[PDB]
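A look at the structure
The residues making up each chain are set out below.
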Amino acid sequence: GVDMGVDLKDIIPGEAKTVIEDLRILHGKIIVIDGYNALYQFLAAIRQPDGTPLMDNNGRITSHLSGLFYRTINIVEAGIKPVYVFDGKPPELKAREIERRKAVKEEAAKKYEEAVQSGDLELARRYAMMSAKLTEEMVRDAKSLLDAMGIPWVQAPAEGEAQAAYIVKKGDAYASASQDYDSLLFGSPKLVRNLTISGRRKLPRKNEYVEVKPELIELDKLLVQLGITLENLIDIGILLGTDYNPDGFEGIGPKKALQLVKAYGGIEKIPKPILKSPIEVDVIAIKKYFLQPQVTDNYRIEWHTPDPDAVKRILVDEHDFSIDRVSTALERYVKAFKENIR
């Protein structure tokens, strides 16, 4: 999927992650899913055959709603009790997400150009795929859809990932779920990755597939295996770049950041020439914020009876989804809801 936050993928040791064979292993668990990250995953992963986003008859992108609908159904059918958490700020004002999007686009543009120049139509099509912007209206529609589906969501005061971590800390969910690792930095005991994108994706040749499986990462286990403190982990994130310093530090990737924090016991002792930043950054204040982020006790996670007609109105009437496909999915969803949620 797409990295919209702090990506630590290639520094996670094997001993710190557990491959989940399929969704059903997590049956009965409450999973708190970061809202913006999931919507970004759906925006990138759900496409027409040629790579164009799904669109309604008014020309509006619908990929995020399609993902949210069908993936949430699958999660429920697996026996998982999902709850989404949405950021206190609109997605237009999420500095790291915007910086991440810009970086992906710049990289894709360079690769598209190379593919055109080399005459590779297959790569061209891949690198041509546009990175859709998540807007406040799309977030509003996502919330409305979840309401119609009877799926709870929590309004975070600030970072969605921080609130997700806090819900897990409180024992109100088993794990947070996202493609980025932000929730671990915010102290989540358990992160599940790939939940929004798991399954089999068809490759170029006839019977070829890539298998993406969900994975569990436990915080205290990660910290021990890496031989680092939570403050060290947060500092790694700061070197890579947060909402409070979206560009991070020039030339520093995840392996290097990990090496540096370990060698100097944090950021402040790293020799100054190593760290190059466009603007001066209060790295200590950012760390202390990650340790005690703005989060709330003011939530109550409850699942309600799905409202099939309301789902139809949103997807079919307002967004031109197929009535057959939506109705068939709803039939299955209401049954699985009754059985798995109550």
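Residues numbered from 1 in each chain as written, not as in the entry; some residues may be left out. Heavy atoms only, no water.

The record lists X-ray crystallography as the method behind this PDB entry and 2.00 Å as its resolution.

This part takes up the overall build of the protein chain. Helix and strand content of the protein chain: 13 helices and nine strands. Relative to the globule expectation of 20 Å for 342 residues, the C-alpha radius of gyration of the protein chain, 20 Å, shows essentially globular dimensions. Its C-alpha atoms put the protein chain at 60 × 55 × 35 Å along the principal axes. Expressed as a percentage of the 342 residues in the protein chain, the buried residues total 49%. Sequence-distant contacts, at least 24 apart, represent 72% of the contacts inside the protein chain between residues at least 6 apart. Accessible area for the protein chain stands at about 17,100 Å²; split by element, carbon and sulfur atoms hold 49% of it. The distance from the centre of the 49 positive side-chain charges to the centre of the 52 negative ones in the protein chain is 4 Å. (Helix = DSSP H or I, 4+ residues; strand = E, 2+ residues; numbered from the N terminus. Rg over C-alpha atoms; globule rule 2.2 N^0.38 Å. Buried < 20%, exposed > 50% of the residue type's maximum accessible area, 1.4 Å probe, protein only. Contact = heavy atoms within 4.5 Å. Areas by Shrake-Rupley, 256 points an atom, 1.4 Å probe, with all protein chains shown as cover. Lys, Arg positive; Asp, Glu negative; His and termini not counted. Charge placed at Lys NZ, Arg CZ, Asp CG, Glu CD.)

Here we come to the packing of helix α1 (residues 35-45) against helix α2 (residues 63-77). Where α1 meets α2, the axes come as close as 8 Å, and the angle between the chain directions of the two elements is 110°. Looking at the two axes, α1 sits roughly perpendicular to α2. Between α1 and α2, the residues in contact are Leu39, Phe42 and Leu43 and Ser63, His64, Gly67, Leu68 and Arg71, respectively. A breakdown of the residues in the contact of α1 with α2 according to their chemical character gives four nonpolar, three polar and one charged. (Axes fitted to C-alpha atoms, helices over the stretch in contact; angles between N-to-C directions. Parallel < 35°, antiparallel > 145°, perpendicular 65-115°, else oblique. Nonpolar A, V, L, I, M, F, W, Y, C, P; charged D, E, K, R; others polar.)

Within this structure, the stated rule accounts for 22 salt bridges. Here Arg200 and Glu211 are joined by a salt bridge, their closest N and O atoms 3.1 Å apart. Of the two residues, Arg200 is situated in strand β7 (residues 199-202) and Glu211 in strand β8 (residues 209-212); the sequence distance between them amounts to 11 residues. Take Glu211: its relative accessible area is 43%, and that puts it in the partly exposed class. One salt bridge connects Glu208 with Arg205, and the closest N-O pair in it is separated by 2.9 Å. Its relative accessible area of 30% is what places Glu208 among the partly exposed residues. Residue class for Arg205 comes out exposed when judged on its relative accessible area of 52%. Residues joined in a network through salt bridges with shared partners are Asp3, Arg96, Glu99 and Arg100. (Salt bridge = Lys/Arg side-chain N within 4 Å of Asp/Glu carboxyl O.)

The subject of this paragraph is helix α10 (residues 254-264). All buried positions along α10 are accounted for by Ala257, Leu258, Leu260 and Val261. Mapping the buried residues of α10 onto a view down its axis gives an arc of 165°, with all of them on the same face. Turned more than 90 degrees away from the buried face of α10 sit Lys255, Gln259 and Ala263, all of them exposed. Taken together, the buried residues of α10 touch α8 (219-226) and α9 (230-240). (Arc of directions from axis to C-beta.)

Looking now at the side chain of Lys143. Note on placement: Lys143 falls in helix α5 (residues 136-149). Excluding anything up to four places from it in sequence, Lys143 contacts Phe86, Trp153 and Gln155.

On to the packing of α2 against helix α13 (residues 323-340), then. Relative to each other, α2 and α13 sit at 30°, their axes nearing to 9 Å. Relative to α13, α2 is oriented roughly parallel. Relative to α13, the crossing made by α2 is left-handed. Mapping the contact onto sequence places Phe69, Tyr70, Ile73, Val76 and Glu77 in α2 and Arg325, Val326, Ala329, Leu330, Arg332, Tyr333, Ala336, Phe337 and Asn340 in α13. (Left-handed = near helix turned anticlockwise from the far one by under 90°.)

Once that is clear, we can look at the domain arrangement of the protein chain. Domain assignment breaks the protein chain into domain 1 (1-227) and domain 2 (228-292). Computed over C-alpha atoms, the centres of domain 1 and domain 2 are 24 Å apart. Taken together, the contacts link 20 residues of domain 1 with 20 residues of domain 2. Counting each side, the surface lost to burial between domain 1 and domain 2 is near 1,900 Å², with a carbon and sulfur contribution of 63%. Taken together, the connections running from domain 1 to domain 2 amount to one salt bridge. (Domains from an automatic or database assignment. Buried area = accessible area lost by both parts, 1.4 Å probe.)

Over its 18 residues, α13 extends 25 Å from the first C-alpha to the last, a length consistent with the 26 Å expected when each residue adds 1.5 Å. When α13 is considered as a whole, its buried residues turn out to be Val326, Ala329, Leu330, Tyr333, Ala336 and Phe337. All buried residues of α13 project into a common sector of 140° when viewed along the axis, lining one side. In α13, the exposed residues that point more than 90 degrees away from the buried face are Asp324, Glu331, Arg332, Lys338 and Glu339. Residues of α13 that are buried sit in contact with α2, α5 and α12 (308-318). (Expected span 1.5 Å × (residues − 1).)

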